[PDB]
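**Q** Experimental structure below, sequence on top.
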Amino acid sequence: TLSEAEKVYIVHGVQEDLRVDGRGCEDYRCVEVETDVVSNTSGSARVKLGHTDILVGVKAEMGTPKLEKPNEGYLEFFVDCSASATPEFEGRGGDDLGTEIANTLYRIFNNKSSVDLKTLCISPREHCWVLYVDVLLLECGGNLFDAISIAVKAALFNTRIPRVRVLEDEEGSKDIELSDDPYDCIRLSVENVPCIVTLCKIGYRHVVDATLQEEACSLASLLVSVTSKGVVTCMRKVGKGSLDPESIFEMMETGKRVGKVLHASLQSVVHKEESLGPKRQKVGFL
Amino acid sequence: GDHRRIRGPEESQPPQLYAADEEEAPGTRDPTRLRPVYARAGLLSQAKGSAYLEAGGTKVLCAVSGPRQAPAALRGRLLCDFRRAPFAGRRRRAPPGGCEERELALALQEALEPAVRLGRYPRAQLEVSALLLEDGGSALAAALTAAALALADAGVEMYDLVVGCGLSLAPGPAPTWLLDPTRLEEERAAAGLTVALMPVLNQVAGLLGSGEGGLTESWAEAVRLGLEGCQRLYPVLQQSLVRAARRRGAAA
Amino acid sequence: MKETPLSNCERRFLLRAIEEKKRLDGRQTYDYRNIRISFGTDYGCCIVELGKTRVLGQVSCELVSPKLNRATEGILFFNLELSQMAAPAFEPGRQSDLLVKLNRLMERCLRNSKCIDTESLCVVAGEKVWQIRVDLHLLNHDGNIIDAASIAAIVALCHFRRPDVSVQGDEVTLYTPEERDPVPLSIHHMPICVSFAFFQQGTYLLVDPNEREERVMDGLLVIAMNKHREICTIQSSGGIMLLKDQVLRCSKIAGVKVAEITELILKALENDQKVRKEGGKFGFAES
Amino acid sequence: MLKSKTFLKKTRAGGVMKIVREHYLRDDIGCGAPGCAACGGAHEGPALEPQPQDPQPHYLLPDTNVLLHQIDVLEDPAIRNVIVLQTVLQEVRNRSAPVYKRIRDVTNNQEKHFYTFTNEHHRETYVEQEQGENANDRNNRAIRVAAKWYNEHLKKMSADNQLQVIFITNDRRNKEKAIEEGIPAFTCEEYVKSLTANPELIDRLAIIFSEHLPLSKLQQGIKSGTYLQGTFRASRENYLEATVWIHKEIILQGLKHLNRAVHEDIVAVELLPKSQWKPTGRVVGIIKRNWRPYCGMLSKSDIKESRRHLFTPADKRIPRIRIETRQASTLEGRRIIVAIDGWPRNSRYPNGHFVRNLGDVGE
Amino acid sequence: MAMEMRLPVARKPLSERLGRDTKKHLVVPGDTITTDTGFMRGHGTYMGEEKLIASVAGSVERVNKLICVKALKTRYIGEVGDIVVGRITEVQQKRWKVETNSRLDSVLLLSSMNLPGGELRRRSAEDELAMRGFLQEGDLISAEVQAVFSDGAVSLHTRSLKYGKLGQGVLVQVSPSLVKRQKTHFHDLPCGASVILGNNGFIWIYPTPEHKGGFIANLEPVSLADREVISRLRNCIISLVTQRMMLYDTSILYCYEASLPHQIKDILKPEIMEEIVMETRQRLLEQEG
Amino acid sequence: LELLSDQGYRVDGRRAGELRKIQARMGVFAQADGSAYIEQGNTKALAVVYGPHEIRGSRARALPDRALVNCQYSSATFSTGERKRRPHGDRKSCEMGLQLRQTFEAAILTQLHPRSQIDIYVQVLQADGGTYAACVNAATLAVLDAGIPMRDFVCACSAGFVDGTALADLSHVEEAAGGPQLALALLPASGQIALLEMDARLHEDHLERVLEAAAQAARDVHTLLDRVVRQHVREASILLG
Ligand SMILES: [Zn+2]
């Protein structure tokens, strides 16, 4: 929280196109992306966006597919909002935000065109892959959703599911055949996995990467989910305040542009890193 | 095993999944159409305010347990409990839930906090309780409207009413935005959307959406269409509240 | 509700009587209280009361689908409940720390020590196996639980008998206690804990502390043992600084204590079997 | 140093996951020879000898196949000295328990110098894995690097007028590849011939079951035609001659035709053409499994870590069983009883489980 | 617009860029300070078996006969004249409860807060009810300590009208072990602004007025030429602290003067941060000696 | 597979008496009052200490004599290969909380921060054996970074027993083998144990061995940690002036 006069300062700043960090209204801040942090996972990633640090693990397990969709697998999301973020979270107080974030992440992926799940099926109705994604919060410094999304995408890109031949046999005896080639592990496309974008409205001007101090100064925030093409999967609204019908359109256009930029930058970065190789040494938490 | 409810079976799957047929598709209709609405406020007695709304197979209650002791810190609160009856929808779900009930509750709260004015209700929490008896299409919108009716009935102050409206996308080759659809048009759909606004001052209060796909212009057209629908719906609710107030005047 | 507070008078008096090596009731430091083991009518019930602390233990069975990782051996389910009759403070869902620590300790002690044969109790490897649960209930709370809870679980799991079963291929046939004679369990060794209490940062140590001694103690050392001198578990709680020789001596004590308790338990079971072989649905043993 | 090696695994719960283990590359490992200072002088236990003489000095190191198929050529005492690796020993352990046990029992002998060298945990001979190269290739290349490493080390140690190492194979492919890698290499035959010692050295050297059709097809075929059910039975005579009694007496032999029956079951015999008959029958399915707790004893694998143990029932008309118990310390010596649970399409033995112990033999 | 992503680079520890080899006496818990005849103990140590044993990580300090420790990260312990900046948290019937970087909840008694102008007669119930409408929950106060209680809390007051409630400005939260204990924490810099440097880790930055006690809120706009300066100072302070150097007039003025070429936003990127900090440090060191 | 080769080596390639290289750091998260990170092999613990601060929702628990230590444990789902759910609220994480609490209430020297919460938090990102000791040590580094007084490095580690010998700082493999594992946490300066957990069957005369072995392993851990801490303090002071 904070006072009223500070809010006046911040809102007139935005209306003037400056901010305490001396940046405009369409400018994120240096986001330190890293991938392949943890080892026991089939995929992992980490983000440090200003003062918000997120970790993401991805485990590809084998499970029964879903009766209504046996031809392909599924993603599940869990979100540990560790109290290490702010002590006001505990074994019961973080369930709220965790549930919110998980429901969002699901809503981003009831799209059927983001992660081609058909590629995750081994034997219909009998076995399939399952992507257990596990987000882990370590700080809360705002623009939380965008960072969580970037981590989900970096982890997917960094996910390596192994090839398995599930051979049927009579008298109910099943066998799984691995491929002893950890270098021959499959890779799921992310050309559609979307990034979140949080446009918080302050005064009569909208803003991206709404730092906390500015979130407290706002009244509404439109979350958009964009893909590198330009479509808009999800469009949610969060805030204890109102929101005009016209500003929605500006928010959406800005989200479109920012998503383009974000996906470009991320793709370039992660191709770079995948090129380097083990020479990078994987500096993490050290 | 839950030790606060009756000992039932571990798991239980419905029979439909064991059916063998291509279910019937709706077909064609007037895209800018609205279903017939029956909205009445004042149904329930033991509650300070209650409201009931029926639109097609949709059937929703809402009650308002009024101020209950519990500036910007001495500002009121309202906690909303959305809850779909286990006998709504093709499938059954245990009463608790924990996946979508809470999401829609957050939605209702984010769409009601603006309209309601809580400076005049300090140190108090309004318990809003929605109940979905039957799902037949746009549900969250019906719930917003019903909660608005219940609040306006209990006599809590406001700035304007809340009107919702749900839209879907036709997955045909020429995809058109389908207004106020049915559970069939909604399960056979590509994208869904929900607007909610305050029509006097023409301000959105809470919206939501999702998509197998879409694009900026399409979403914008959907938005404006839902706004027009909400406008065309407002008078029903107006008349309902007037009617309930007349009945109260009659009782005394 | 709440427990009545402890006066400084009682606290100081206790500390002094410890300094002078004097317990309250009149026993030494290396002594338990008279523990009685009484049995019920149904195979699997035991009421063990050490002094004033009474604890009940029931053992029940079921057949269920096993867990995939272990499709050969069965299952075992501990649970200890702190009945409000044990003491006022034991409201439901309030004294959760004590529940957690006791249950984890007991699970560890019995399960991970491999006290019983989870394999012998297999019926259909992959489809149906046994499931033995044991419910301990705390009735009166005067001092030492872990010892009582353990003695109870052990007397039960050694005084329990399964409904016999016949099998051919996949055809499994259960039968009633009246049609055949239930079959007992398979134990390898009976462990029972032993509780030491530290006073004045580690200087003094007592056995089987009462409730007051638990209120004016800083530390608790639990040690599980058998008649064969096999550490099964040891735990230090209370945030206390002990040393090596202390644990060594405490272990050399627990040895004798567990030997004696074990002799008693065996005598109790012997007497109960003898009684039922003469007409009578009870069995009683006294320290 | 430190190396993180990953590898996938199939669970017990029909699933796959990954492991990431550490591998420490110590540089304080010993060659086994005293002369090599900079490796450690005071190094007791099993170790080599300064002057060997049966290329007179002739240290040597074999490959896996040699340990697996000519251990008697080595267990012999006419030899004196030899090097042993880690990969060889690990493979031997994975394939054969008796061979591994013998090699350990010999390494425990201070005289027959089977000094072991941990190559995996050494900073120089260690070699990573490479895409497109199976584990067998991994171990082979590791052994080659070890040989090459050994030749250089013992080369710089002294004037080389004292010691020289040898590589030994069983097949000539590996030998020729070694030569093309620039080192000596022989086969066991050449060597055991070259010594012209007593002839004792050469003297000491010179199922997948069918499928099973479900009960539906069996019951459909019996009434309709060919197949016919009957009680299977075996004999104390032979493990293969078996008799089926129809509800007439068929005979059938061979572990295939004996497609997983037991002393008393309900088999669905098919009849073979008259080109083989007194008749000869075959089995393709079971109508009713009829098992019971078989009494017997637990023959263990000397590996004290292994869980899978073999079980010998008393009635000669039953096959040994492959059970999973972990005890294997309290049971050997005490008649137990086991219940059978299956016979899949991969094992010459079934899968059972312990149900109770009775008491030591003889009582 | 402009977005940028970048991988994480590994730190460069040991701060070898300086090369000092300090002449201090560092310690850690368990370490045994000099054991001699009657040495007095201070904050950051304790005694065991006639042996002086450290308790906290830092450098030891031996005043004439007193042995104390000066840790490198702590929470603001209460002195008796130190100024302070505080964010309010609660409004109790008798007083206000304030949040400093302290181990408890600082306290401003209703008797302490100055009154509008000098209309000083006494405190009555009307003041007890204005206790809220004037000093809202969440506001900021620039006070100085009055006293420290035995329970650890800090009662603070407002000696004059230069203190009291604060305008709109901006704020930063740093560690309290990074502000030199000196005089005149209240500075008014030539850049076009003014700054308050708490003996705690709360720094306040406000534009300097022209007239020359918070009883009125001048919620007017601020010229761009006076918000850009404030933002640059904010980022410069964050830079300084991220490099673990002290903080006072000259430090902030010289980091400012250093960050004119580099624009108002690009001086948190660790390279620019580090080079600015190095320039400032070197020039301070060389000019002062 | 094997645990102790006849030569004396382990699987990982280390003898019984040694352990794996801990690699640590102090100062991860700045929005807190104290933070740390440690990797004691493949393990990766992460600690945080929100300093001695005010109690809210007083609920009549603000001890007036001493301070109130509240330590929370958490083992991430993706820590083990087998995914799990409900990392908090379980009956094991709460036991770990109790353990850490009775340790640090012993060490943290609370008599100087009465009516104040010391909130300790621990998250385990990766687990490969020795999951309690890594957390003890990370929380120790955190406390120290937060300038919270404390008697001594409360250093922890684990020992085990295999083939008539004692192993130090077990891993997951020999931890799954079922053999006796004894975890403990002591204060080196005085030689006093702050905690002693242990879980498996073994004879009594074989106790002193694993006990002194775990103690010596903890001494080594003390050396490594204190070297880290001294580097940290030196760098910070140099940067000050
Ligand atoms: Zn050598």
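**A** On my side now, so go ahead. Residues are numbered from 1 along each chain as shown, chains lettered A, B, ... in the order given.

**Q** what's the spacing between the residue of chain E at minimum distance from chain C and residue E:194?
**A** Per C-beta to the nearest C-beta, residue E:48 is where chain E lies closest to chain C, at 11.7 Å. For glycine as for every other residue, the C-beta is placed from the backbone atoms N, C-alpha and C. Counting by C-beta to C-beta, to the nearest Å, the gap from residue E:48 to residue E:194 is 49 Å.

**Q** Which residue, other than its chain neighbours, is closest to the residue of chain E closest to chain C?
**A** residue F:190 (7.7 Å; C-beta to C-beta, 6 or more residues apart in numbering or on different chains).

**Q** And for residue D:109?
**A** Nearest non-adjacent residue to residue D:109, counting by C-beta to C-beta, 6+ apart: residue D:46, 7.5 Å away.

**Q** So the one you found sits against residue D:113, correct?
**A** Yes: using C-beta atoms under 8 Å as the test, residue D:46 is close enough to residue D:113 to be in contact (6.5 Å).

**Q** Are there residues contacting both of those two? Which ones?
**A** Here residue D:46 and residue D:113 have residue D:32 as joint contacts, going by C-beta atoms under 8 Å, 6 or more residues apart in numbering or on different chains.

**Q** just checking, the residue nearest to residue E:48 touches residue F:152?
**A** Yes: Residue F:190 is within contact range of residue F:152, at 6.9 Å (criterion: C-beta under 8 Å).

**Q** what residues does chain E put near chain B?
**A** Residues of chain E lying near chain B by C-beta under 8 Å from any C-beta of the partner chain: E:132, E:136-138.

**Q** who's in contact with the residue of chain C positioned farthest from its centre?
**A** In chain C, the residue that sits farthest from the middle, by C-alpha atoms, centre = their mean, is residue C:169; the gap is 38.5 Å. Applying C-beta under 8 Å, 6+ apart to residue C:169 gives the contacts D:288-291.

**Q** one more time with 6 Å
**A** D:289, D:291 (C-beta atoms under 6 Å, 6 or more residues apart in numbering or on different chains).

**Q** swap in residue C:97?
**A** residue F:98.

**Q** Tell me how far it lies from residue D:205.
**A** Note on residue C:97: its distance to residue D:205, by C-beta to C-beta, is 70 Å.

**Q** partners of the strand or helix carrying residue D:83, with directions?
**A** For residue D:83, the host element (DSSP states H and E) is strand D:81-84. If you go by DSSP bridges, strand D:81-84 pairs up with strand D:113-116 (parallel).

**Q** Please save the CA atoms from the strand it pairs with in PDB.
**A** What follows is strand D:113-116, C-alpha atoms only, in PDB (Å, rounded to 0.1, in the frame of the first residue of the first chain):
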ATOM      1  CA  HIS D 113      47.000 -60.600  -8.400                       C
ATOM      2  CA  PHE D 114      43.700 -59.500  -9.800                       C
ATOM      3  CA  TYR D 115      44.200 -55.800  -9.000                       C
ATOM      4  CA  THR D 116      41.200 -53.700  -9.900                       C
END
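
**Q** do that strand and the ion meet?
**A** No: Strand D:113-116 does not reach the ion (C-beta under 5 Å from the ion); its nearest approach is 11.3 Å.

**Q** Leaving aside the residues adjacent along the chain, what's closest to residue E:4?
**A** residue A:30 (5.9 Å).

**Q** Tell me how many other residues crowd the one you found.
**A** Burial of residue A:30 is recorded as 15 neighbouring residues (other C-beta atoms under 10 Å in any protein chain shown).

**Q** ok, now the one 10 residues further on?
**A** Each residue near residue A:40 was counted by other C-beta under 10 Å, and the total is 22.

**Q** Tell me the spacing between it and chain F.
**A** Using C-beta to the nearest C-beta, to the nearest Å, residue A:40 is found at 6 Å from chain F.

**Q** Confirm that residue sits in a helix?
**A** No: going by DSSP: H, G, I helix; E, B strand; the rest coil, the assignment for residue A:40 is coil, not a helix.

**Q** does residue A:214 sit in a helix or strand, and which one?
**A** Going by DSSP H and E, residue A:214 is part of helix A:212-215.

**Q** which is the next helix or strand following that helix?
**A** strand A:220-226.

**Q** For the helix or strand following that following strand, enumerate the helices and strands it packs against.
**A** Next along the chain after strand A:220-226, taking DSSP H and E as the criterion, comes strand A:232-238. Helices and strands touching strand A:232-238, by 3 or more C-beta pairs under 6 Å, 6 or more residues apart in numbering or on different chains; DSSP states H and E, are strand A:220-226, strand B:208-211.

**Q** out of those, which comes closest to residue F:196?
**A** Closest of the helices and strands packed on strand A:232-238 to residue F:196 is strand A:220-226, at 50.9 Å (criterion: C-beta to C-beta).

**Q** Figure out how far the closest one is from the centre of its chain.
**A** 13 Å (C-alpha atoms, centre = their mean, to the nearest Å).

**Q** Tell me which residues are up against it.
**A** Outside strand A:220-226, the residues that reach it (C-beta under 6 Å, 6+ apart) are A:108, A:194-201, A:232-239, A:241, A:243, A:251, A:255-256, A:259.

**Q** Repeat the analysis, applying 7 Å as the threshold.
**A** A:108, A:145, A:194-201, A:210, A:232-239, A:241-243, A:248, A:251-252, A:255-256, A:259 (C-beta atoms under 7 Å, 6 or more residues apart in numbering or on different chains).

**Q** Check stretch D:30-39 too.
**A** With C-beta under 7 Å, 6+ apart as the test, stretch D:30-39 has contacts from D:40-41, D:43, D:47-48, D:50, D:83, D:115, D:117, D:153, D:157-158, D:163.

**Q** Please report phi then psi for the residue of chain E found nearest chain D.
**A** Nearest to chain D, among the residues of chain E, is residue E:10, at 17.0 Å (C-beta to the nearest C-beta). Per-residue torsions, residue E:10: phi -80, psi 140 (degrees, to the nearest 10).

**Q** give me every residue that touches it.
**A** With contacts defined as C-beta under 7 Å, 6+ apart, residue E:10 is in contact with residue A:283.

**Q** Return the distance of it relative to residue E:18.
**A** Distance, residue E:10 to residue E:18, by C-beta to C-beta: 19 Å.

**Q** and if you look at residue D:127?
**A** 44 Å.

**Q** next one: residue C:216
**A** In terms of C-beta to C-beta, residue C:216 sits 56 Å off from residue E:18.

**Q** Quick check: the gap between residue A:162 and chain D.
**A** Relative to chain D, and taking C-beta to the nearest C-beta, residue A:162 is found at 6 Å.

**Q** distance of the spatially closest residue to that residue that is not a sequence neighbour from residue D:350?
**A** Closest residue to residue A:162 apart from its sequence neighbours, by C-beta to C-beta, 6+ apart: residue A:185 at 5.1 Å. According to C-beta to C-beta, residue A:185 and residue D:350 sit 36 Å apart.

**Q** okay, the two: which has more neighbours?
**A** The neighbour count for residue A:185 versus residue D:350, taken as other C-beta under 10 Å, is higher for residue D:350 (21 against 16).

**Q** just to revisit the earlier point, and the residue nearest to residue E:48, how far is that from the ion?
**A** 45 Å (C-beta to the ion, to the nearest Å).

**Q** for residue F:48, same thing?
**A** 49 Å.

**Q** same thing with residue C:269?
**A** 65 Å.

**Q** Just give me the neighbour total for that residue.
**A** 18.

**Q** how about it, what does it touch?
**A** C:158-159.

**Q** And for the one 5 residues further on?
**A** The neighbours of residue C:274, taking C-beta under 7 Å, 6+ apart as the test, come to nothing; the list is empty.
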